[PDB]
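Read on for two forms of one protein chain; each stands alone as structure tokens, with the labels structure 1 and structure 2.
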Structure 1
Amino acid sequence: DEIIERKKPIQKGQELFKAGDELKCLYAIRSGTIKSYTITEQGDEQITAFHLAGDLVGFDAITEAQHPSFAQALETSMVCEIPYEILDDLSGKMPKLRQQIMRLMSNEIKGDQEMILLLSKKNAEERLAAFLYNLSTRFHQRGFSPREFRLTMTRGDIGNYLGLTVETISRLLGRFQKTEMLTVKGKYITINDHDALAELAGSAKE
């Protein structure tokens, strides 16, 4: 009867919600970048995922109508916030919509499962490769140059997420640059050899 695509101006640094917040809205990334993290008892930040354009945020909060995690813009971002009730209401009416919602949640499970394997079996070189490959192909997927993209998150955040040093991360980028596999200019990454990167990415060797 009346669809609305009201978009919202989320500046860098600010939270979509907090860990404990009641699930009012799910948030759809129309543009920009969100990170999801949690704070440990000891008080440290641990990032559990990164969200890009197209991605929906808060799936982990449905079960208990409560956000178990923080979200935060890593840059200026545009969001469409949906009251869950409305969503489920509309996806009950619309097949190819929920079929997509299922598909999107499905994909977040697949991802975390991959992230679990990564943290289990993969070495530092493999993790960064797997990370850059993933980023790269979600861009290419969404519609971007599969070879040039910008790292929106810090190198710190990448290390946090992959369980690696900022030192380590920058050394690795040097290696990838030295091999011509990759071109790095500040936050911009150019892939010159997707093959080689994919190899490195999907290894998991001792």
Structure 2
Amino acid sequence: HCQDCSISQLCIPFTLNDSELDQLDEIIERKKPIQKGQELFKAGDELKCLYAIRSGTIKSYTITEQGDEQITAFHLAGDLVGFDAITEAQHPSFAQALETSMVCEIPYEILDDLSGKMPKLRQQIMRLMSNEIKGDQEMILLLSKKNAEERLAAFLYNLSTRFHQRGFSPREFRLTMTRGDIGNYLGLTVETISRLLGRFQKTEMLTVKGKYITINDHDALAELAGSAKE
């Protein structure tokens, strides 16, 4: 159940000859679905497999000394979860599903075994890590230079894009995560998150119905997202 995949283009078997493909799936792709709110691993757990998101939504977080969750990323289908566990065979982070999700469990060593063995695989694994790094860098700029109007716009631009790539309307999409969770990730207040979407709707940039977002003006939206100003 893995040669079949409409996101393999952005997932892990990207640019594999059909021999590489029929081989990989043999060692992954089969985990009775993860339920909304259940975890894939706890911080401190040993690294065994990495997780490719087949369907659904997953957040990554930690807990502060004083006990608050802080979200470090949301994951969409095609995303790989577990990279930060490679350095030390161990998960520093939590991961939890936000909705019923399908997840492909890829055994790290076995994948590592087959990567030295596979140039196009090895290379693909690389840029995937490269890209998480790139993303995290963008997050850092978001939290230093962008104000709340911008942070949210950026966040919403990002999702919209990513859904586009995973073959969806760039126009319309639901927030699977809660407003609480969005505010967490973005250093904003559920109070503020809401207020902003108001303004966004007020300008006809955005239409908002429950958890469903509609973008009526990508150009406006990108201007706010790409600002980084005060």
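One-based numbering along structure 1's sequence throughout. Heads up, when I say rigid core I mean the largest set of C-alphas that superpose within 1.5 Å between the two forms.
Core-superposed comparison between the two structures: the CA of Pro95 exceeds or equals a 2 Å shift. Its Cα shifted by 3.9 Å between the two structures, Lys7 is reported here after superposition on the rigid core.
Once the two forms are overlaid on the core, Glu108 shows a Cα shift of 0.8 Å between the two structures. Overlaying the rigid core between the two structures leaves the Cα of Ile86 displaced by 1.4 angstrom.
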